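**Student:** Sequence and experimental coordinates follow.
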There are 4 protein chains.
Amino acid sequence: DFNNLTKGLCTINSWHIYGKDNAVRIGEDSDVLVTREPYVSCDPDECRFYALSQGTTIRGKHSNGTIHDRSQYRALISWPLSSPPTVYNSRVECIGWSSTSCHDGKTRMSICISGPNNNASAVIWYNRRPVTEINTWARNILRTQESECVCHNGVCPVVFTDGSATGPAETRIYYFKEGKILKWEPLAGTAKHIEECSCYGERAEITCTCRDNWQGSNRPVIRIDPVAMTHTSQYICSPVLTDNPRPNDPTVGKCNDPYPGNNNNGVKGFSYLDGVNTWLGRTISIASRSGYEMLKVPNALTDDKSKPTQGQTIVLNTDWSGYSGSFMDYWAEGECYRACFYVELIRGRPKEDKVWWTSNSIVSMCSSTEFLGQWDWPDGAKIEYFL
Amino acid sequence: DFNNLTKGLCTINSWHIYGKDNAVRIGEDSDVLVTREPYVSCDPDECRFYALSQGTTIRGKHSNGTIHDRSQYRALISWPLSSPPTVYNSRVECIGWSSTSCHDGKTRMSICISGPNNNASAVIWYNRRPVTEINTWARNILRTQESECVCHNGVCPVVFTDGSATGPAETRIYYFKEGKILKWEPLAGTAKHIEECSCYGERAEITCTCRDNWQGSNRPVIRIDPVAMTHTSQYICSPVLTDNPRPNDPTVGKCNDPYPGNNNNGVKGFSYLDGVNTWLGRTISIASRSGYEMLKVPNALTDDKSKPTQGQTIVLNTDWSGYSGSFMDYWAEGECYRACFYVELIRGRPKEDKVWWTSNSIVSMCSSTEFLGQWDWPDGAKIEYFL
Amino acid sequence: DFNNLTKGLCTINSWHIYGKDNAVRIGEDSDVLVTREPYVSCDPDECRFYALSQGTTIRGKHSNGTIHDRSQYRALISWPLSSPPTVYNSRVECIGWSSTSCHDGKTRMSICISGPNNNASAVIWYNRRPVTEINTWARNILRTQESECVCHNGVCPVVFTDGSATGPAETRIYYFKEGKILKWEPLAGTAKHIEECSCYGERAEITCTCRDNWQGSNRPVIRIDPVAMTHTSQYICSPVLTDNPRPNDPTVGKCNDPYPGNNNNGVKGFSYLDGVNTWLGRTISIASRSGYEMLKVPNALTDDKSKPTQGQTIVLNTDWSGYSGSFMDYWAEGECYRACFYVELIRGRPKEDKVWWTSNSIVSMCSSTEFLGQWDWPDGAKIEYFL
Amino acid sequence: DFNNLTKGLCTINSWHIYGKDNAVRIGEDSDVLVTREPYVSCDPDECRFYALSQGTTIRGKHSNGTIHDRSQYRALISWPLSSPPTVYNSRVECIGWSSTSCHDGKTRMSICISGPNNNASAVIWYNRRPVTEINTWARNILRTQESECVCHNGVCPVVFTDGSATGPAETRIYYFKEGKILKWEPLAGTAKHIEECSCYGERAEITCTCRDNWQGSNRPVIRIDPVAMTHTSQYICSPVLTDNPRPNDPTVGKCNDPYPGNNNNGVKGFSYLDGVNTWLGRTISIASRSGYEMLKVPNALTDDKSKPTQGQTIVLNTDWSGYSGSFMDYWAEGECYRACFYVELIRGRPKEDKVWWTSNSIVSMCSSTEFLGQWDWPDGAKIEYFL
Ligand SMILES: CC(=O)N[C@H]1[C@H]([C@H](O)[C@H](O)CO)OC(C(=O)O)=C[C@@H]1O
Ligand SMILES: CC(=O)N[C@H]1[C@H]([C@H](O)[C@H](O)CO)OC(C(=O)O)=C[C@@H]1O
Ligand SMILES: CC(=O)N[C@H]1[C@H]([C@H](O)[C@H](O)CO)OC(C(=O)O)=C[C@@H]1O
Ligand SMILES: CC(=O)N[C@H]1[C@H]([C@H](O)[C@H](O)CO)OC(C(=O)O)=C[C@@H]1O
Ligand SMILES: [Ca+2]
Ligand SMILES: [Ca+2]
Ligand SMILES: [Ca+2]
Ligand SMILES: [Ca+2]
């Protein structure tokens, strides 16, 4: 029966290693698929890894050029947790160069987007059959979250942007129930630009932390009520800035406008915004997608003077990172929702020229009420072995 | 319980990408099987891809010569949708160099044909056991559809041709129920030659669009009543000609004879013939198996002056195509049968001499009542990487 | 519930291709396992292929020397029908250099034998757990059938030989029920030597056709009653001789002694002995394991003057063959037991020196009451591609 | 429902080959994973193999350096019995460089440990979800058994050591029920150092035989009562010494102190201590991890003058061995628990310098009340083929 967001978040007093696939290490001598934009998403019975295939293996010739985002040869695949995404084990969800996928308790909705830049469309699959289709409304790269959505009693909202990336676009919040559109609504609130939303839910409410590609170095937040099918947006108030590139941390930050400093750029990220129990991930570097850290900044959302009270490094500054996103196993046993997250560890081009490809690995963590010690989690491939 | 063709076709206002496997791209660096004559066919619970193996991998030595149609080393395999047909994941349906396979609601019938040219025979498997066998009646390459049949309340008819390909042959329409022959009947109507029939059903009626190899550039149609176990044949009236090679589109076409122009040749194709809601696929080229397009030609079947009112390009003229065929997921949720189809994208010999093999990829589409934008769907392998 | 041999054999008016794996063709460019002594055996729900692994892939270095029968690195594996026996898909039944395996309706018994030549022992697995063990009684290569046994209402007898191969040995017929020994009895009748028994059952009776390695060129037959747990042996009377090497067909043959001519040698074979409905497989060559043919010799068992009344070539004389054996899908739908059989197609050493290995492929057939045309079924690998 | 240790051990009158994977042989030409610290562990329905991945294939470049125990790229994997641990077939249990895993009748608990040496922590997974976490208490390489634990009516105790390896450490016995900690207690008894405990249970009692790394050449034993959740420790009295390196067998040995001779070293081992029905495995060499033998030494535990009355060689002195451990299929049919065990056959570095890696194979045996003949079970790879 349909899942219902009835619990709240657990106390995050630290994070533990949940998954890790070592795909590029293993990809050096096995038939692993060139991927990017990963995520993790849970069924009632298993959790799996998800990414967009580039339709080729790493050591295969046709990997030269996989730095490009959109093509006819990409697809959404999922595979068993902590396994490299291989040719013989992956399952294709749908054919597309942007995606999101979530399970509603009853079965799973997966949405892939394809097309030329000016004539793209999305197909909503539900129970591995195509159900519903939607065309560009603004005719400029229709795109979605690049991580799992969240349902509540049958209703799974999904954020789409169609339009410019260096200026105003058109963002809709669609509400689906059984693959069918119930309703949609234009973006609202005070966020000036939305891209790559990273979402979760507890106590009958959904929270996405997205990406202002055009103006903000602080991240905008969409908060959705899946029952009333309404939403609102805002930015994160705290001055611990968390996009990338980003200027240095000020002592005061914006609640309702972009923080200026970098233009027309960023990276996918997430946050868990739960009062004093609020954490933020970011690249350590303000210039590259390098390093990854979590920071506990009580009332980040609303207290525009907040600064960290505790922290944890996931990946060292000398290691490469990339996208990151939220997920939770809503079907886990127990009293509260244990928060999880993933970082994409991109290897290859641009930052590593000697090779002609671009892939990534994954590392996944979930929280602990314990105060566990920390390690760091590099991709661990040796690029010279690919030369 | 046995499936029953009780719905009608949905409104096709465009086509969306359904599947795609990138096998030859991926085949460059994985253990993928050299195949041809693909198709797609649905079970109650999953849809899969189907093709005849050449009993060898692409990069394997024994791929030299896979331009030949019939041998002891071919087989019907199926695999998970949008996966390349690999050595470690394919399932063998039966041993044969021609085939068809369909599910009757209760379980699946798969028919492979083998033998020398003058002493071939077919074995009807049902529930993965062999049940019934049939010998050449005309002792000249017994052959079937090369795509899924259609049942209705237990009764799955299948079209076979035995005889010449450049002249008169003998075509029987067999009716099976549980793998057993109920009845068969010689071809009737006004079609002069039948090969490679592409079939579907709605509202208790079955429609195959086949191939006059010897005379016609317009395609003959067999229409079957699975309840009365009778059939009839005809040609498509419209002058938008759809075999290949074919002469140029006239302004008037034959309802009951072949349109002349090319002799002793053609390609497998399909159509959906549903009044004003009628669509036709064809190669864009009139000379090569190149490009693929869909065209909406209201009353193609019967109105011998009809010309397109809307269209969609699946594969550009500069890309290679090949066979194409119909399928529908009869077990999908909803009110009408959503029409689907596939194009085989042949690579290698003849048209690509530098290599000694012949394989293919797949792209599959299904309809949408939406008016979606279009992309094009090349195989996307780079043949020079195989040199 | 336990299976019961209640039907009789169907009319074999010809044989159809049932399975074929092309393993050595495919083995040239995939991770397939070096095997030998194959067979096919059925569960209630699927039929699979079975062979002894040499613990190495064909293209792998450790394939040099796989001409040897017994070692610590062999195992019984099974895999999905008509798939090459690959490293990633095979299942290990047990660890041993001789075997047999059968399903009793309830679950499956698999028996592997290992050890040094003078201290070997057998372990009876049942439901994938080890249950019962048996030591050499004559301390000279304890060995079993190399193909599936047959049960009836829970009771599966198995023939073992312990002793010399060029002279008298000690052969026991063990009766198992649920992996446990019910009883065993020394060989009886007039057969002078028993090896590699090939068995089937209908109408509550079991028939094995085995191998006199030391004296006979005509094949001895053990007939078992699984209910009374008694047996008897005999030779086949007909002069269509069917071991190999063998002298030429006489006009009269032995019912109760070996036919002389070749000493201390032979090959695994089978027959179906059902009155006028009696068929015999053999190598076409009297010198090599080459070619394979079926011959219909009414009352072969008992009429010592019988000669063929119809025939079918499975493999041409110019192609290599090897072991062969009986199986039937006792759980198939229908009124009679449809007879099946397999031929091992050995490649490599001895007869093909240029390579350092010895493997094989499979071809499987089952009967048809039809009179189907015939093809021939070579392994189809090109040994030069391995050089 | 929860499993309950209600039977006793069967009579071990010898040991039979149970499993064997030939991974390094097969690893020479397939995508097998570099592993070590294997074990075998049973579910209600299947038994599988288990080891820590080094996150790389043997023939892959990133195998250079896999002599190191702890890193970010290790994981616990399991795979189907007697299959090589391959990239496409393994399942990841959890991310860690030390482990144990057991099934409680209802579902399976798997515990992996990761971290830097001075800030490691353990996560207890249960039903493939993370449940409970535990941090270093002594801040010096927190480590567990490296083989399966044992439950009884829901309660699975596990031994952990945190501290020095060449001196006093801190060892806790934790009691889990459903992944949750019920209780834990410091080590007690007269054992001076505990590492790598190898455990089993019958008649409602649990017996681990562990490793005094710092002082003893005789092995300490922890005996646990899972109902009263108490334990005690002791050493094995017999003078048939069974760690490695070890001095030569004295004529009298310690019941309550270490036997002196080698310092700060050893290897994982096991014993079955059941009165006159007591067996001990060890390396044949007293200097290297070479050879493996079983010895029947009645009342080893308690009779400090005991010497072997019967024996069996598993691996010859000229072959390499390594860790070894106990398991039993508690869900097997029958009256008593049949004892099983495994030996890790390490290949590569240190003892084999020509290669830059370190992997292993497995051989598994279980007992027989029979008196079966013996063979020996080398890994069987040829290291020169890797040069
Ligand atoms: C639909 C698509 O191509 N999106 C791409 C997205 C886009 O370029 C940015 O969102 C500005 O609009 O970002 C990136 C990138 O690594 O930054 C890759 C994505 O796949
Ligand atoms: C049984 C068989 O070999 N049929 C072949 C079929 C045949 O040559 C044509 O139908 C004329 O009879 O067409 C082709 C081809 O690509 O055109 C390949 C098919 O496998
Ligand atoms: C146990 C064993 O090794 N048997 C072998 C068997 C034996 O050599 C013959 O039966 C004479 O005794 O025959 C052959 C062979 O291809 O002829 C290989 C078998 O595996
Ligand atoms: C946690 C860890 O690294 N343990 C290692 C363990 C340790 O070095 C010894 O127990 C002394 O403390 O032994 C060995 C070894 O082959 O001997 C490898 C283990 O993985
Ligand atoms: Ca930005
Ligand atoms: Ca034509
Ligand atoms: Ca003989
Ligand atoms: Ca020691």
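**Tutor:** The structure has been received and is ready for your questions. Residues are numbered from 1 along each chain as shown, chains lettered A, B, ... in the order given. Ligands and ions are numbered 1, 2, ... in the order given.
**Student:** is it true that residue A:24 lies in a strand?
**Tutor:** No: with DSSP: H, G, I helix; E, B strand; the rest coil as the criterion, residue A:24 is assigned helix and is not in a strand.
**Student:** and it, how many neighbours does it have?
**Tutor:** Counted by other Cβ atoms under 10 Å in any protein chain shown, the residues lying close to residue A:24 total 28. For every residue, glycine as well, the C-beta is placed using N, CA and C.
**Student:** contacting residues for residue A:31?
**Tutor:** Contacts for residue A:31 were tallied using Cβ atoms under 8 Å, 6 or more residues apart in numbering or on different chains; they are A:57, A:86, A:87, A:88, B:29, B:30, B:31, D:31.
**Student:** Could you report the neighbour count for the residue of the stretch 101-250 of chain A found nearest ligand 5?
**Tutor:** For the stretch 101-250 of chain A, the residue positioned closest to ligand 5 under Cβ to the ion is residue A:243, at a distance of 4.1 Å. A total of 26 residues lie near residue A:243 under the criterion other Cβ under 10 Å.
**Student:** From residue A:79, how far out is it?
**Tutor:** To residue A:79, residue A:243 is 29 Å away according to Cβ to Cβ, to the nearest Å.
**Student:** from the stretch 1-150 of chain A, which residue is nearest to ligand 2?
**Tutor:** Of all residues in the stretch 1-150 of chain A, the one sitting closest to ligand 2 is residue A:72 (24.5 Å; Cβ to the nearest ligand atom).
**Student:** Check whether that residue really touches residue B:379, as I assumed.
**Tutor:** No: using Cβ atoms under 8 Å, residue A:72 makes no contact with residue B:379, being 9.4 Å away.
**Student:** right, and residue A:268 touches residue A:198 too?
**Tutor:** Yes: under the contact definition of Cβ under 8 Å, residue A:268 touches residue A:198, with a separation of 6.6 Å.
**Student:** Give me the common contacts of the two.
**Tutor:** In contact with both residue A:268 and residue A:198: A:147, A:324, A:325, using Cβ under 8 Å, 6+ apart.
**Student:** Return a PyMOL selection command for the buried portion of these.
**Tutor:** To isolate the buried members of the shared contacts of residue A:268 and residue A:198 in PyMOL, using 16 or more other Cβ atoms under 10 Å in any protein chain shown:
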select buried, chain A and resi 147+324+325
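**Student:** Out of the shared contacts of residue A:268 and residue A:198, name the ones that lie in strands.
**Tutor:** Counted as lying in strands by DSSP state E, out of the shared contacts of residue A:268 and residue A:198, are A:324, A:325.
**Student:** Which residue is it, in the stretch 1-150 of chain A, that comes closest to ligand 7?
**Tutor:** Taking Cβ to the ion, ligand 7 has its nearest neighbour within the stretch 1-150 of chain A at residue A:88, 44.5 Å off.
**Student:** is it true that that residue lies in a strand?
**Tutor:** No: with three-state DSSP as the criterion, residue A:88 is located in coil rather than a strand.
**Student:** surely it meets residue B:84?
**Tutor:** No: counting by Cβ under 8 Å, residue A:88 sits too far from residue B:84 to count as a contact (9.2 Å).
**Student:** intersection of neighbour lists for these two?
**Tutor:** Joint contacts of residue A:88 and residue B:84 (Cβ under 8 Å, 6+ apart) are residue B:30.
**Student:** And the two? Which one has more around it.
**Tutor:** When neighbours are counted by other Cβ under 10 Å, residue B:84 comes out ahead of the other of residue A:88 and residue B:84, with 26 against 20.
**Student:** Could you pull up the contacting residues of that one?
**Tutor:** For residue B:84, the contact set (Cβ under 8 Å, 6+ apart) comprises A:87, B:21, B:22, B:23, B:26, B:27, B:30, B:32.
**Student:** Distance of it relative to residue A:70?
**Tutor:** 21 Å.
**Student:** same question, residue A:110
**Tutor:** The spacing between residue A:110 and residue A:70, counted by Cβ to Cβ, is 18 Å.
**Student:** Which residue ranges of the stretch 1-150 of chain A form helices?
**Tutor:** With helices called from DSSP state H, counting those that start in this stretch, the stretch 1-150 of chain A shows them at A:23-27.
**Student:** Check the gap between whichever residue of it sits closest to ligand 1 and residue A:117 for me.
**Tutor:** When Cβ to the nearest ligand atom is the measure, the stretch 1-150 of chain A has its nearest residue to ligand 1 at residue A:69, with 3.4 Å between them. Going from residue A:69 to residue A:117 by Cβ to Cβ gives 10 Å.
**Student:** quick one: which of those two has more around it?
**Tutor:** Between residue A:69 and residue A:117, counted using other Cβ under 10 Å, the more crowded position is residue A:69 (15 against 11).
**Student:** so the more buried one sits right up against residue A:97, yeah?
**Tutor:** Yes: with contact defined as Cβ under 8 Å, residue A:69 reaches residue A:97; the gap is 6.4 Å.
**Student:** ok now do the closest residue to ligand 5 within the stretch 251-387 of chain A, which residues does it touch?
**Tutor:** Closest to ligand 5 within the stretch 251-387 of chain A is residue A:266: 3.2 Å, counting by Cβ to the ion. Residue A:266 makes contact with A:195, A:211, A:212, A:213, A:243, A:244, A:245, according to Cβ under 8 Å, 6+ apart.
**Student:** first to last residue in stretch A:21-35, what's the distance?
**Tutor:** Stretch A:21-35 has its terminal residues 13 Å apart, counting by Cα to Cα, to the nearest Å.
**Student:** again but with stretch A:97-111, I slipped
**Tutor:** Using Cα to Cα, the end-to-end distance of stretch A:97-111 comes out at 10 Å.
**Student:** in that stretch, what's buried?
**Tutor:** Applying a neighbour-count criterion of 16+ other Cβ under 10 Å, the buried positions in stretch A:97-111 are A:97-105, A:108-111.
**Student:** Just the ones of these in strands?
**Tutor:** Residues from the buried residues of stretch A:97-111 lying in strands, with DSSP E as the criterion: A:98, A:99, A:100, A:101, A:102, A:103, A:108, A:109, A:110, A:111.
**Student:** Make sure the third one is actually in contact with residue A:143.
**Tutor:** Meaning residue A:100. No: Residue A:100 is beyond contact range of residue A:143, at 10.2 Å (criterion: Cβ under 8 Å).
**Student:** what separates the residue nearest the centre of chain A from residue A:76, distance-wise?
**Tutor:** The C-alpha lying nearest the average C-alpha coordinate of chain A belongs to residue A:325 (Cα atoms, centre = their mean; 3.4 Å). Distance of residue A:325 to residue A:76, computed by Cβ to Cβ: 14 Å.
**Student:** Then residue A:55?
**Tutor:** As it turns out, when the distance is counted by Cβ to Cβ, residue A:55 lies 12 Å from residue A:76.
**Student:** Equivalent analysis for residue A:224, please.
**Tutor:** The gap separating residue A:224 from residue A:76 is 23 Å, by Cβ to Cβ.
**Student:** ok, these two, which is more surrounded?
**Tutor:** residue A:76 (28 against 25).
**Student:** quick one: contacts for that one?
**Tutor:** For residue A:76, the contact set (Cβ under 8 Å, 6+ apart) comprises A:50-53, A:92-96, A:99, A:101, A:110, A:112.
**Student:** Is it correct that residue A:109 is in contact with residue A:175?
**Tutor:** No: if you go by Cβ under 8 Å, residue A:109 and residue A:175 don't touch, sitting 11.8 Å apart.
**Student:** Could you tell me which residues touch both of those two?
**Tutor:** Counting by Cβ under 8 Å, 6+ apart, the residues touching both residue A:109 and residue A:175 are residue A:156.
**Student:** all helices for the stretch 201-350 of chain A, in order.
**Tutor:** Assignment of helices within the stretch 201-350 of chain A using DSSP H, counting those that start in this stretch yields no ranges at all.
**Student:** one step back: give me the nearest residue to the residue nearest to the centre of chain A, chain neighbours excluded.
**Tutor:** Leaving aside its sequence neighbours, residue A:325 sits nearest to residue A:147 (Cβ to Cβ, 6 or more residues apart in numbering or on different chains; 3.7 Å).
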